[PDB]
Amino acid sequence: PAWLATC
Amino acid sequence: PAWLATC
Amino acid sequence: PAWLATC
Amino acid sequence: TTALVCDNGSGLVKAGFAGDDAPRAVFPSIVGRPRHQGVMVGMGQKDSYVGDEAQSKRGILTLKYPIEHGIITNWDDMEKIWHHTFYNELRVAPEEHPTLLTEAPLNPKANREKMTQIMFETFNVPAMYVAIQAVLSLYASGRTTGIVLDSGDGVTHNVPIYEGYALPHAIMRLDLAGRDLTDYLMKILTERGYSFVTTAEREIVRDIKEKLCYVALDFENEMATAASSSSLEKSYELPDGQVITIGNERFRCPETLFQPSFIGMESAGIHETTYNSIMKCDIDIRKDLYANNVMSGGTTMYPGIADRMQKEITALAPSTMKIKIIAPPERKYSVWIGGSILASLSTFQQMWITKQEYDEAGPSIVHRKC
Amino acid sequence: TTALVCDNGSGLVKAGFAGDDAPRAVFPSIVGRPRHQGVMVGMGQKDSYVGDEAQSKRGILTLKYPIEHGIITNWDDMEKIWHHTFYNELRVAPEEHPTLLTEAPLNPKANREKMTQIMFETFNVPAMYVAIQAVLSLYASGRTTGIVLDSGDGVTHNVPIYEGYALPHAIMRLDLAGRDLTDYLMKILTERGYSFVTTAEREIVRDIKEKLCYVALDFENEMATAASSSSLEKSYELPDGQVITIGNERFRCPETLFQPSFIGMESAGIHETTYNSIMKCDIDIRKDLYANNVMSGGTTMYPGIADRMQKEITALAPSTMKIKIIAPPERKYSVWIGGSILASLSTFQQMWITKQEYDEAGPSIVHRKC
Amino acid sequence: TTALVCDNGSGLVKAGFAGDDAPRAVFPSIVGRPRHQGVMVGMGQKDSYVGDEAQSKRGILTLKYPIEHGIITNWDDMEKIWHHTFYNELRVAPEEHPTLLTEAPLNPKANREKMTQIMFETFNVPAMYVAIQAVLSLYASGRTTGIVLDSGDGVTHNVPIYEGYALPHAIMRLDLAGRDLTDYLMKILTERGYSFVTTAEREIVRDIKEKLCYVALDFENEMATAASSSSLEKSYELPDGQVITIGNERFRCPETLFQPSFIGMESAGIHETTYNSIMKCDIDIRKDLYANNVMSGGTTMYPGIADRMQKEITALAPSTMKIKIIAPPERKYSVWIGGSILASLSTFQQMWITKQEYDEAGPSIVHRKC
Ligand SMILES: Nc1ncnc2c1ncn2[C@@H]1O[C@H](COP(=O)(O)OP(=O)(O)O)[C@@H](O)[C@H]1O
Ligand SMILES: Nc1ncnc2c1ncn2[C@@H]1O[C@H](COP(=O)(O)OP(=O)(O)O)[C@@H](O)[C@H]1O
Ligand SMILES: Nc1ncnc2c1ncn2[C@@H]1O[C@H](COP(=O)(O)OP(=O)(O)O)[C@@H](O)[C@H]1O
Ligand SMILES: [Mg+2]
Ligand SMILES: [Mg+2]
Ligand SMILES: [Mg+2]
């Protein structure tokens, strides 16, 4: 979630 | 309340 | 990996 | 009747008829297996998916590749793909007419034997045979003689052909292809801050690569100007509206291909590989070979790969002999054009390994027809 | 050879036969017991009341909800309700009628085991089965993809599904459907001057919120325009003949639904948890779910909840992704319609949990077959 | 003129000195913010708590873990935590002693740059440096080569090293840590009957996990034994005074850590990725890495994981490759011990990153030098 895209 | 612990 | 040994 | 061709690449499978300049089935080779039990009974059948359906849906299920680095691993998935391309895509029985197969150089004779055995047993084809991607690509390009560099999804190689005679001790191959390219792309993108770890994400980044990746000329200066300026970078839109940006990975991945040291594999680049393959021959033929260097495959679909390659091979070679590299826009289907023309001509007919020969001698006979 | 369905809600319960498109017998799932000991002899008095009888005569009977937040806590009252709805409202013997049950996604396995054991033993039915309200609410509309947000009387949740395959790692559940809402409405009415603490008063508040209260779009702007202009103050009559005016409570109640902080919780609103559940899903199904997102449940009947929900989800979601929330009429019965359709489907018959399986492997068989 | 060190793991920060042989300051990396309003005065009630205070009192405020999966999201919270661990825990000054931070592989260069920029501009530290927890644990254990497998509350990963030489192509990462493990445990407890949704409840769940959860050898056999008998059931006490019972979750949690399919994550297991990384190395070091395989981190403190990992890896790999897992009794602070040793070493001094060097070149020096 905190990868600016995926996860 | 009816969760045998919390709530 | 799929050479039954190396790679 | 007529003939049929079906090239099985590490990433894709391209099958069609003969005598045509364009294939029909161009579809990826991947088996989709759901990762969830499913609760709805209405639409829950078709456990395993094959073809473009497994690409239209790829999240709720995992994708497995049947071919890795050109070598087959799951005969079950391979025969599934064969049945799909025969009865669903082509919608033609295999017993009617024979088909042509493909196999990269230096591949296991055991794998070739298993391929021909399955083809003659399960499908009960009257005749069959396998060829090489390099010779087919060269015959498609139409050049008389020279060196051919073919790089698919998981395998790359270069081979010379002169005076109508192959050279066993001249071929030079490597397992570095689009697969390791997209792997390193995922790694450097994780470095950037994003993340792509699963198989659907692997295919998404593969699409991103094949869409917006270009090669450079001077690696150091290009990296410097990319780190300084921000005009070359570009943004991409994901299916869910999310947006990403790329400023240096696009032209760093081609350098990764040119510099296997980044991947960690202690080997030589494609330019040094070609130079070594040429040097092992005789200079009198090397002279005419330098000007005849054809490129094929999808990995070489980068815009400007010919420029960097020719510049590097010229810097490594003497300017006394003319040099030139050619790569028409049809670097993908060239093998299919070669197979089509080879099946259309009447000579190779005699070379068709017939069902009678296989059942009376066995599959091992293929060891001589190559 | 017919079927039967009985959806047991936390607040209500709706049972009847399959095949039809609408429920047959719907009534509140409550139990009223007399509190004032001593009655006039000769006329006779019953021990306990159920169904609409309690709501009709409740000034003397204390009410009890045998279900709380989707969990069962009074098995005697549950058995009494089942007997009443199987022998009085329908007047049908269940020994020759396979029934169907419902249950929230995440509930005590012991509760499910006790439910199935009771239904198998105390009724001697041929077979039974359980399901999730989400799957039936989706079957109602017929679509097979998308996410569904259900909100009953004491429990709410959201569940995605794609091509029949559900994502259990994305399901979300909360205990804010209508009970904390009724409690907060009582609190705000006491703040206004009107006191409501008993059970009959609780049903009165349930009715007044069902009839009057509605959600808004801009909470702050609506509060301001209501405090300034007295155009929203609406009057409601009571069984005695009085009249009571209500203002900003109609906004504060759905606002409490969206902001549990007013109730004393730290969890986020339905929109935030829905976006989180969709985030844990892959990107392709994320896109496919943003379009088809359905809302069901009795609590969902608030006028103006779809527009506000889509506004919030768009504000917190990226652009270039059309979000078409759907909320058809008669949605509070969507679970019943889905259950009826499932029971009518011939294939689903094979999934029935018979009596032999229970007698052999005990009630735990419910899990394996689910 | 001594130095210090501070690991900023997502689970809890651990700061200490170099000359020491064990960490002195250690506390969770959380930040609590009150959700209520507060009425009483004179108590000096602050607005944002950090450290053991938010752990002692957690039912009146919402907690936040600023670092998620090894990535920072709340730089203000990280600065607050650094101030607390530099001034409150141990009364020292940053300008007087050089610092030494640590991070995980593949961490964003932007994250590293912002970290160093904050550390330089806010505290005006003389010198600093960044390293990788794997080589830190190696230097702590005293060995030089081997394959490190670290697993913290934030993320997990593994990397091989040969005579101080790393192999980025062999590094492998994974986002299966205590957070998702506790989430899955709370979900399974909800399925069992016990509910835990809040942050304080999540902390209680983490505590009961680290206290009870134990990995098993044969998952199916243990599940059968648990479902058959009850000798494995354990009882835990809560602050409310009531107790709870736990059955198979204690080993289903580490099995989810081993089988991401239980949580709904398409990836490989810890042993599978370890073997994959080992296979990507050179044959002349495969054996040396098999025997010199060391584990670290707090998440891997489960009892019985060493034997389980050994059995799995030796059954997956061939024979004549004797394995010796290094799982010493102290591993939660092994990284800190290695950091203290490296800081006390002499040569490492010349490898410091000073303040004037950063002011001249910039923050990019952090990823350009180490
Ligand atoms: N437009 C493009 N730009 C860059 N790379 C491409 C492009 N199209 C295809 N590719 C790469 O080429 C590969 C396909 O190889 P292919 O030529 O099908 O091998 P084969 O000849 O064995 O079938 C893919 O893995 C993809 O990464
Ligand atoms: N028209 C309406 N407006 C507002 N709330 C309603 C309306 N109709 C029903 N409700 C609320 O919905 C609840 C019924 O929940 P229900 O959907 O029956 O749960 P379940 O799906 O578990 O049976 C009632 O408690 C009531 O407060
Ligand atoms: N004795 C134990 N048994 C099981 N788990 C433990 C034990 N001690 C700590 N843990 C787990 O390890 C985690 C701490 O991770 P840690 O090693 O501090 O990460 P980092 O190395 O990033 O600081 C905690 O979340 C806890 O759940
Ligand atoms: Mg190829
Ligand atoms: Mg409900
Ligand atoms: Mg850690």
# chains A, B, ... in the order shown; residues from 1 in each chain; ligands from 1
>>> closest_atom_pairs(of="chain E", to="chain F", cutoff="10 Å", atoms="only C-alpha atoms", output="tab-separated table")
residue	atom	partner	partner_atom	distance
E:71	CA	F:193	CA	9.7
E:105	CA	F:191	CA	9.4
E:106	CA	F:191	CA	5.9
E:107	CA	F:191	CA	5.8
E:108	CA	F:193	CA	5.1
E:109	CA	F:192	CA	6.3
E:110	CA	F:192	CA	7.7
E:111	CA	F:193	CA	8.9
E:167	CA	F:264	CA	7.7
E:168	CA	F:264	CA	7.6
E:169	CA	F:264	CA	5.6
E:170	CA	F:264	CA	8.8
E:173	CA	F:197	CA	9.9
E:174	CA	F:197	CA	9.4
E:261	CA	F:35	CA	7.8
E:262	CA	F:36	CA	9.6
E:264	CA	F:36	CA	8.4
E:265	CA	F:198	CA	8.5
E:266	CA	F:62	CA	7.0
E:267	CA	F:198	CA	7.4
E:280	CA	F:264	CA	9.3
E:281	CA	F:264	CA	9.4
>>> write_last_selection(atoms="N, CA, C and O atoms", output="PDB file, in the first residue's frame")
ATOM      1  N   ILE E  71     -24.866 -12.587  15.258  1.00  0.00           N
ATOM      2  CA  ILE E  71     -24.545 -13.742  16.087  1.00  0.00           C
ATOM      3  C   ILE E  71     -25.769 -14.123  16.903  1.00  0.00           C
ATOM      4  O   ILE E  71     -26.554 -13.268  17.333  1.00  0.00           O
ATOM      5  N   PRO E 105     -20.641 -13.293   6.536  1.00  0.00           N
ATOM      6  CA  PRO E 105     -19.409 -13.975   6.110  1.00  0.00           C
ATOM      7  C   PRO E 105     -18.608 -14.557   7.265  1.00  0.00           C
ATOM      8  O   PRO E 105     -18.323 -15.759   7.282  1.00  0.00           O
ATOM      9  N   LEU E 106     -18.242 -13.721   8.233  1.00  0.00           N
ATOM     10  CA  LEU E 106     -17.432 -14.138   9.372  1.00  0.00           C
ATOM     11  C   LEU E 106     -18.331 -14.251  10.598  1.00  0.00           C
ATOM     12  O   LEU E 106     -18.835 -13.241  11.102  1.00  0.00           O
ATOM     13  N   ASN E 107     -18.530 -15.475  11.075  1.00  0.00           N
ATOM     14  CA  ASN E 107     -19.348 -15.731  12.250  1.00  0.00           C
ATOM     15  C   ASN E 107     -18.789 -16.946  12.970  1.00  0.00           C
ATOM     16  O   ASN E 107     -17.988 -17.695  12.400  1.00  0.00           O
ATOM     17  N   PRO E 108     -19.187 -17.168  14.222  1.00  0.00           N
ATOM     18  CA  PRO E 108     -18.666 -18.322  14.970  1.00  0.00           C
ATOM     19  C   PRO E 108     -18.994 -19.642  14.286  1.00  0.00           C
ATOM     20  O   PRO E 108     -20.160 -19.958  14.017  1.00  0.00           O
ATOM     21  N   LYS E 109     -17.944 -20.414  13.997  1.00  0.00           N
ATOM     22  CA  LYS E 109     -18.144 -21.771  13.506  1.00  0.00           C
ATOM     23  C   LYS E 109     -18.999 -22.580  14.468  1.00  0.00           C
ATOM     24  O   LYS E 109     -19.792 -23.421  14.035  1.00  0.00           O
ATOM     25  N   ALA E 110     -18.860 -22.337  15.773  1.00  0.00           N
ATOM     26  CA  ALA E 110     -19.727 -22.997  16.743  1.00  0.00           C
ATOM     27  C   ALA E 110     -21.180 -22.586  16.545  1.00  0.00           C
ATOM     28  O   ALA E 110     -22.091 -23.412  16.670  1.00  0.00           O
ATOM     29  N   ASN E 111     -21.417 -21.310  16.236  1.00  0.00           N
ATOM     30  CA  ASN E 111     -22.776 -20.851  15.968  1.00  0.00           C
ATOM     31  C   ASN E 111     -23.355 -21.558  14.749  1.00  0.00           C
ATOM     32  O   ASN E 111     -24.500 -22.025  14.770  1.00  0.00           O
ATOM     33  N   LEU E 167     -12.721 -13.320  -3.043  1.00  0.00           N
ATOM     34  CA  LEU E 167     -11.441 -12.974  -2.430  1.00  0.00           C
ATOM     35  C   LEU E 167     -11.625 -12.887  -0.920  1.00  0.00           C
ATOM     36  O   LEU E 167     -11.963 -11.817  -0.391  1.00  0.00           O
ATOM     37  N   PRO E 168     -11.421 -13.979  -0.178  1.00  0.00           N
ATOM     38  CA  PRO E 168     -11.626 -13.915   1.279  1.00  0.00           C
ATOM     39  C   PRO E 168     -10.673 -12.969   1.986  1.00  0.00           C
ATOM     40  O   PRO E 168     -10.993 -12.503   3.088  1.00  0.00           O
ATOM     41  N   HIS E 169      -9.516 -12.668   1.398  1.00  0.00           N
ATOM     42  CA  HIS E 169      -8.558 -11.760   2.013  1.00  0.00           C
ATOM     43  C   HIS E 169      -8.952 -10.295   1.873  1.00  0.00           C
ATOM     44  O   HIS E 169      -8.197  -9.424   2.320  1.00  0.00           O
ATOM     45  N   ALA E 170     -10.106 -10.003   1.269  1.00  0.00           N
ATOM     46  CA  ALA E 170     -10.583  -8.637   1.115  1.00  0.00           C
ATOM     47  C   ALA E 170     -11.911  -8.376   1.810  1.00  0.00           C
ATOM     48  O   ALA E 170     -12.292  -7.208   1.949  1.00  0.00           O
ATOM     49  N   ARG E 173     -15.938  -6.477   7.591  1.00  0.00           N
ATOM     50  CA  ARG E 173     -17.142  -6.566   8.404  1.00  0.00           C
ATOM     51  C   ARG E 173     -17.123  -5.476   9.465  1.00  0.00           C
ATOM     52  O   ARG E 173     -16.062  -5.073   9.948  1.00  0.00           O
ATOM     53  N   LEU E 174     -18.317  -5.004   9.824  1.00  0.00           N
ATOM     54  CA  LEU E 174     -18.478  -3.990  10.855  1.00  0.00           C
ATOM     55  C   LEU E 174     -19.834  -4.189  11.518  1.00  0.00           C
ATOM     56  O   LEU E 174     -20.723  -4.849  10.973  1.00  0.00           O
ATOM     57  N   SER E 261     -16.586   7.711  14.905  1.00  0.00           N
ATOM     58  CA  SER E 261     -16.038   8.454  16.033  1.00  0.00           C
ATOM     59  C   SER E 261     -17.138   9.007  16.927  1.00  0.00           C
ATOM     60  O   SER E 261     -16.960   9.100  18.147  1.00  0.00           O
ATOM     61  N   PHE E 262     -18.280   9.377  16.344  1.00  0.00           N
ATOM     62  CA  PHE E 262     -19.399   9.849  17.153  1.00  0.00           C
ATOM     63  C   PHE E 262     -19.948   8.742  18.043  1.00  0.00           C
ATOM     64  O   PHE E 262     -20.516   9.026  19.104  1.00  0.00           O
ATOM     65  N   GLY E 264     -17.955   6.266  19.271  1.00  0.00           N
ATOM     66  CA  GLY E 264     -16.888   5.858  20.151  1.00  0.00           C
ATOM     67  C   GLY E 264     -15.921   4.837  19.576  1.00  0.00           C
ATOM     68  O   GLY E 264     -15.212   4.183  20.353  1.00  0.00           O
ATOM     69  N   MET E 265     -15.870   4.680  18.258  1.00  0.00           N
ATOM     70  CA  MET E 265     -14.981   3.735  17.599  1.00  0.00           C
ATOM     71  C   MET E 265     -13.868   4.483  16.876  1.00  0.00           C
ATOM     72  O   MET E 265     -13.897   5.708  16.729  1.00  0.00           O
ATOM     73  N   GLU E 266     -12.874   3.719  16.424  1.00  0.00           N
ATOM     74  CA  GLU E 266     -11.774   4.256  15.636  1.00  0.00           C
ATOM     75  C   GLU E 266     -11.780   3.772  14.194  1.00  0.00           C
ATOM     76  O   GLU E 266     -11.043   4.326  13.371  1.00  0.00           O
ATOM     77  N   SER E 267     -12.581   2.761  13.868  1.00  0.00           N
ATOM     78  CA  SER E 267     -12.667   2.285  12.497  1.00  0.00           C
ATOM     79  C   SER E 267     -13.129   3.408  11.572  1.00  0.00           C
ATOM     80  O   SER E 267     -13.672   4.427  12.006  1.00  0.00           O
ATOM     81  N   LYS E 280      -6.554  -4.267  -1.589  1.00  0.00           N
ATOM     82  CA  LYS E 280      -5.899  -5.558  -1.410  1.00  0.00           C
ATOM     83  C   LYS E 280      -6.074  -6.463  -2.623  1.00  0.00           C
ATOM     84  O   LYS E 280      -5.313  -7.423  -2.782  1.00  0.00           O
ATOM     85  N   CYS E 281      -7.055  -6.180  -3.475  1.00  0.00           N
ATOM     86  CA  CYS E 281      -7.276  -6.962  -4.680  1.00  0.00           C
ATOM     87  C   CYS E 281      -6.324  -6.522  -5.789  1.00  0.00           C
ATOM     88  O   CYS E 281      -5.723  -5.446  -5.740  1.00  0.00           O
TER      89      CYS E 281
END
>>> residues_near_ligand(ligand="ligand 2", cutoff="7 Å", atoms="only C-alpha atoms and all ligand atoms", output="PyMOL selection string")
chain E and resi 7-13+70+151-153+155+178+206+209-211+297-302+332
>>> residues_around(residues="segment 248-250 of chain D", least_positions_apart="5", cutoff="8 Å", atoms="only C-alpha atoms", output="list in words")
residues 185, 188, 189, 209, 212, 213, 214, 215, 223, 226, 227 and 233 of chain D
>>> write_last_selection(atoms="N, CA, C and O atoms", output="CSV table (one decimal), in the first residue's frame")
chain,number,residue,atom,x,y,z
D,185,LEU,N,14.1,-5.0,-14.7
D,185,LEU,CA,13.3,-3.8,-14.7
D,185,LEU,C,12.4,-3.7,-13.4
D,185,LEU,O,12.3,-2.7,-12.8
D,188,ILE,N,14.8,-2.6,-10.5
D,188,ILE,CA,15.1,-1.2,-10.5
D,188,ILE,C,13.9,-0.4,-10.2
D,188,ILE,O,13.9,0.7,-9.7
D,189,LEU,N,12.7,-0.9,-10.6
D,189,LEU,CA,11.4,-0.1,-10.3
D,189,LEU,C,11.1,-0.2,-8.8
D,189,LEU,O,10.7,0.7,-8.2
D,209,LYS,N,7.5,-2.5,-20.5
D,209,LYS,CA,8.8,-2.5,-21.2
D,209,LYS,C,8.6,-2.5,-22.7
D,209,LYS,O,9.2,-1.6,-23.4
D,212,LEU,N,7.4,1.2,-23.7
D,212,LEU,CA,8.1,2.5,-23.6
D,212,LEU,C,9.5,2.2,-23.1
D,212,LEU,O,10.0,2.8,-22.1
D,213,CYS,N,10.3,1.4,-23.8
D,213,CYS,CA,11.7,1.2,-23.5
D,213,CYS,C,12.5,1.4,-24.8
D,213,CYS,O,12.2,0.8,-25.8
D,214,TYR,N,13.5,2.3,-24.7
D,214,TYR,CA,14.4,2.6,-25.8
D,214,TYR,C,15.8,2.4,-25.4
D,214,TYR,O,16.2,2.4,-24.2
D,215,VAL,N,16.7,2.2,-26.4
D,215,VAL,CA,18.1,2.0,-26.1
D,215,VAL,C,18.9,3.3,-26.3
D,215,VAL,O,18.4,4.2,-27.0
D,223,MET,N,22.9,8.5,-19.0
D,223,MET,CA,22.5,8.4,-17.6
D,223,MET,C,22.7,9.8,-16.9
D,223,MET,O,21.9,10.2,-16.1
D,226,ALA,N,20.1,12.2,-18.0
D,226,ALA,CA,18.8,11.8,-17.5
D,226,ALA,C,18.7,12.1,-16.0
D,226,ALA,O,17.6,12.5,-15.6
D,227,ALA,N,19.7,11.9,-15.3
D,227,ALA,CA,19.7,12.3,-13.9
D,227,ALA,C,19.7,13.8,-13.7
D,227,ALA,O,19.1,14.3,-12.7
D,233,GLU,N,12.1,11.7,-19.4
D,233,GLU,CA,11.2,10.8,-18.7
D,233,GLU,C,9.8,10.9,-19.2
D,233,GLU,O,9.4,11.9,-19.9
>>> calpha_fit_rmsd(fixed="chain F", moving="chain E")
0.7 Å
>>> residues_around(residues="residue 73 of chain E", least_positions_apart="4", cutoff="7 Å", atoms="only C-alpha atoms", output="list in words")
residues 2 of chain B; 66 and 67 of chain E
>>> closest_atom_pairs(of="chain A", to="chain F", cutoff="9 Å", atoms="only C-alpha atoms", output="CSV")
residue,atom,partner,partner_atom,distance
A:1,CA,F:68,CA,8.7
A:2,CA,F:71,CA,7.0
A:3,CA,F:71,CA,7.9
A:7,CA,F:175,CA,8.9
>>> write_last_selection(atoms="N, CA, C and O atoms", output="compact mmCIF listing (two decimals), in the first residue's frame")
# COMPACT_ATOMS: atom_id res chain seq x y z
N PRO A 1 0.83 -1.25 0.00
CA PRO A 1 0.00 0.00 0.00
C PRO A 1 0.87 1.31 0.00
O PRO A 1 0.45 2.33 -0.58
N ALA A 2 2.03 1.25 0.64
CA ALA A 2 2.89 2.43 0.78
C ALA A 2 4.04 2.39 -0.22
O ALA A 2 5.17 2.72 0.13
N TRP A 3 3.75 1.99 -1.45
CA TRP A 3 4.75 1.96 -2.51
C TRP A 3 4.33 2.88 -3.65
O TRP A 3 4.85 2.77 -4.77
N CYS A 7 1.00 -3.05 -3.70
CA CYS A 7 1.30 -3.37 -2.31
C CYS A 7 0.85 -2.24 -1.39
O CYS A 7 1.63 -1.37 -1.01
>>> select_by_dssp(residues="segment 78-313 of chain D", states="helix (DSSP H, G or I)", output="NGL selection string")
:D and (78-89 or 109-121 or 133-141 or 178-192 or 199-212 or 219-228 or 249-258 or 260-263 or 270-279 or 283-291 or 305-313)
>>> atom_distance(atom1="atom CA of residue 367 of chain E", atom2="atom CA of residue 131 of chain E")
11.1 Å
>>> select_by_dssp(residues="segment 123-354 of chain F", states="strand (DSSP E or B)", output="MDAnalysis selection string")
chainID F and resid 127:128 130:132 146:151 156:162 165:166 172:174 234:237 243:246 293:296 325:326 353:354
>>> residues_around(residues="residue 351 of chain F", least_positions_apart="3", cutoff="12 Å", atoms="only C-alpha atoms", output="JSON list (two decimals) with N, CA, C and O atoms, in the first residue's frame")
[["chain", "number", "residue", "atom", "x", "y", "z"],
["F", 100, "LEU", "N", 24.59, 6.22, 13.36],
["F", 100, "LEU", "CA", 24.71, 5.13, 12.40],
["F", 100, "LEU", "C", 23.33, 4.50, 12.24],
["F", 100, "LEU", "O", 22.87, 3.79, 13.14],
["F", 127, "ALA", "N", 28.72, 13.08, 11.52],
["F", 127, "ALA", "CA", 28.85, 12.07, 10.48],
["F", 127, "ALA", "C", 27.73, 11.05, 10.63],
["F", 127, "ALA", "O", 27.07, 10.96, 11.66],
["F", 128, "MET", "N", 27.53, 10.27, 9.56],
["F", 128, "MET", "CA", 26.50, 9.25, 9.53],
["F", 128, "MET", "C", 26.87, 8.22, 8.47],
["F", 128, "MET", "O", 27.86, 8.37, 7.75],
["F", 129, "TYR", "N", 26.05, 7.17, 8.37],
["F", 129, "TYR", "CA", 26.29, 6.08, 7.43],
["F", 129, "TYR", "C", 25.07, 5.17, 7.44],
["F", 129, "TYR", "O", 24.31, 5.13, 8.42],
["F", 130, "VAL", "N", 24.90, 4.44, 6.34],
["F", 130, "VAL", "CA", 23.80, 3.49, 6.19],
["F", 130, "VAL", "C", 24.38, 2.15, 5.76],
["F", 130, "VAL", "O", 25.38, 2.08, 5.04],
["F", 131, "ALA", "N", 23.74, 1.07, 6.21],
["F", 131, "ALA", "CA", 24.22, -0.28, 5.94],
["F", 131, "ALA", "C", 23.01, -1.20, 5.74],
["F", 131, "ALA", "O", 21.87, -0.74, 5.67],
["F", 342, "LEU", "N", 30.97, -2.72, 14.25],
["F", 342, "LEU", "CA", 31.44, -1.97, 13.08],
["F", 342, "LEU", "C", 31.78, -0.53, 13.45],
["F", 342, "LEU", "O", 32.76, 0.03, 12.94],
["F", 343, "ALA", "N", 30.99, 0.08, 14.33],
["F", 343, "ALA", "CA", 31.27, 1.45, 14.74],
["F", 343, "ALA", "C", 32.54, 1.53, 15.58],
["F", 343, "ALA", "O", 33.32, 2.49, 15.45],
["F", 345, "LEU", "N", 35.04, -0.48, 15.25],
["F", 345, "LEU", "CA", 36.17, -0.81, 14.40],
["F", 345, "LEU", "C", 36.90, 0.46, 13.95],
["F", 345, "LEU", "O", 36.37, 1.57, 14.02],
["F", 346, "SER", "N", 38.13, 0.28, 13.49],
["F", 346, "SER", "CA", 38.99, 1.40, 13.12],
["F", 346, "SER", "C", 38.81, 1.81, 11.66],
["F", 346, "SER", "O", 38.61, 2.99, 11.37],
["F", 347, "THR", "N", 38.89, 0.84, 10.74],
["F", 347, "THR", "CA", 38.82, 1.17, 9.32],
["F", 347, "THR", "C", 37.51, 1.87, 8.98],
["F", 347, "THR", "O", 37.50, 2.86, 8.24],
["F", 348, "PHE", "N", 36.39, 1.36, 9.51],
["F", 348, "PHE", "CA", 35.08, 1.93, 9.18],
["F", 348, "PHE", "C", 35.05, 3.44, 9.39],
["F", 348, "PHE", "O", 34.25, 4.14, 8.76],
["F", 354, "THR", "N", 30.49, 12.52, 6.17],
["F", 354, "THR", "CA", 30.57, 13.71, 7.00],
["F", 354, "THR", "C", 29.47, 14.71, 6.62],
["F", 354, "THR", "O", 28.65, 14.47, 5.73],
["F", 357, "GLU", "N", 30.79, 16.99, 3.45],
["F", 357, "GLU", "CA", 30.68, 16.23, 2.22],
["F", 357, "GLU", "C", 29.25, 16.26, 1.68],
["F", 357, "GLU", "O", 29.04, 16.43, 0.47],
["F", 366, "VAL", "N", 24.61, 9.24, -0.30],
["F", 366, "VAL", "CA", 24.31, 8.07, 0.53],
["F", 366, "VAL", "C", 24.15, 6.83, -0.33],
["F", 366, "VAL", "O", 24.71, 5.77, -0.02],
["F", 369, "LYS", "N", 27.69, 6.11, -2.37],
["F", 369, "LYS", "CA", 28.84, 5.57, -1.64],
["F", 369, "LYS", "C", 28.55, 4.25, -0.94],
["F", 369, "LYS", "O", 29.48, 3.47, -0.75],
["F", 370, "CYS", "N", 27.31, 3.99, -0.57],
["F", 370, "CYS", "CA", 26.95, 2.75, 0.11],
["F", 370, "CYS", "C", 25.53, 2.34, -0.24],
["F", 370, "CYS", "O", 25.23, 1.15, -0.35]]
>>> atom_distance(atom1="atom CA of residue 336 of chain E", atom2="atom CA of residue 3 of chain E")
12.9 Å
